[PDB]
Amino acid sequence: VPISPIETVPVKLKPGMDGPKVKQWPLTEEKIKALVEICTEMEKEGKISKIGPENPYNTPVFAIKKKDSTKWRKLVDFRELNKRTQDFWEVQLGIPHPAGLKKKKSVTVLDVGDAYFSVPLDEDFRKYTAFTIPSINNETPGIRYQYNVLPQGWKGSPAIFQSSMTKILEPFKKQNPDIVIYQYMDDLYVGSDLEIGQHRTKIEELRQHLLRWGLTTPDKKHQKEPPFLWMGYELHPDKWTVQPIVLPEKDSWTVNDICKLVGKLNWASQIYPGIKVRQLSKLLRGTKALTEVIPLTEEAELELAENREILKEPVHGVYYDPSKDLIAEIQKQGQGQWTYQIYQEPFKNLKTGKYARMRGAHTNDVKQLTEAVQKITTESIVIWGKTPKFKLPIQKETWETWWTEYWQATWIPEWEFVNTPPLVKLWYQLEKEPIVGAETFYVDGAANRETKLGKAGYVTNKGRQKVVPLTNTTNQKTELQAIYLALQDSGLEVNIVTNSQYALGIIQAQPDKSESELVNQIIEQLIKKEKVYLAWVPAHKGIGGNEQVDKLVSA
């Protein structure tokens, strides 16, 4: 076997482990013909070699169809080898998005074929890549080969290829610094601001620089004129768009169908603004079977029709211009949903997106807006390496009131206010000092761990009082219920004294939405008030009416 021009990568097994020894699957006769047709061809090209009984290792093998081609792809079920092979550090840190591309004069896209088969494997490691090819007869022993080049299906093949490919491109990039080469697996995006004449010279220079190491750049996959098909997009000299997205039109929807639909919608939300998957993801909660049929809710059918109407119109993004500033604008879309657009000139979106996580049982719009800005900032530094200026639907004074009074450290980068309703605002403000002339409520609640029963009430300075029996509750729910009673039976200005750190810790965060219905009712009563002052006193210390109300709700 001749020596490949590329340097091999030394690969070891994990210490104290031997190679794989697993039996071959029964294969269909149509896949057997495709395998023997490829195994005999790769053997002629010096990519796999015959082995005898001295190789005690074996692993299954199969084949799947290639997309839009009569050719087949050979894959190895290395699930047992991957367990005992050494761990690798993947060098593919992420995804190349077209929104980060800069406008270049000339663009060239090319894809090398059978790239895993053009990079050699470590010599001492080839013995463990032994597999059997079953013949058309089950009694025929079969031909046993071993890989001399990156096997498709091994957990180290992509990590080794991506690092070996970058080492080959370094001498060309070092000699040609002004050439931009986007390297993702076996696809090379080559662009330059050089004249269209000197561009193809460097293109052929690279196709020969890659040819010196056994990498073939076929003219079939060669692309010289726009639109270029790169990473599943359509690149034009001025705009870009995703390749056509097709959503299923099932009359009977299963869980699998919904999952596929949501995934395609997430893919589309990158340029298609306004995609909502809230009500469709509400169909995936609490479900157990992937093939279980689920009927669409009225809120889910409306959300699907809206997303179908958005996908009808053609949308397109632009390319990054490093000369002008980066701008990101957010809108509140739905309760828990957010959308954003990143651009440099108005209505010329570089890319869009959405954020909708529900973090915590209790939260407000200001918290969710801060989470979205952080999700955008990280996404922007990935693609453009800088923090964009923000246009947020929150008043400058609204945010100033929030972060200065909040006990946690919170901050938003350079941003300006945009008057696009709905505007994010704080729905109620807790007073810092007790209200003069306002009725003072001393509240407390208690329950029994066994009976799940308890009381909740209050005692005021004007003699007002109330105690309510509660069934199937906890100690925390009663102390919240005692506050809800004080808010119901009080005027517009009220002072409330509690001893529950749990209840006080939720309300002071100024939430406007909650997973608990009791909290939402407390929020609703807080919005109706004009002045509300909360205060905490230690329980069981004989403090004011807090000890009087602790004894009333004792049982």
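The first residue of the shown sequence is 1; numbering continues from there.
On average the C-alpha atoms of 86-94 have higher B-factors than those of the other stretch, with 423-431 and 86-94 being the two compared. In this entry, 246-254 shows the higher mean Cα temperature factor of the pair 246-254 and 373-381.
Going by the entry's values, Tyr116 shows the largest Cα B-factor out of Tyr320, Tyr116, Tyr182, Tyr406. Going by the entry's values, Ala34 shows the largest Cα B-factor out of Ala34, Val519, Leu487, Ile527. The entry lists a Cα temperature factor for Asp193 that places it in the highest third of the chain's modelled residues. Ranked by Cα temperature factor within the chain, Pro15 sits in the highest third according to the deposited record. Per the PDB record, residue ranking by Cα B-factor puts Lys386 in the lowest third of the chain. For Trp240, the recorded CA temperature factor ranks within the middle third of the chain's modelled residues. For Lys103, the recorded CA temperature factor ranks within the middle third of the chain's modelled residues.
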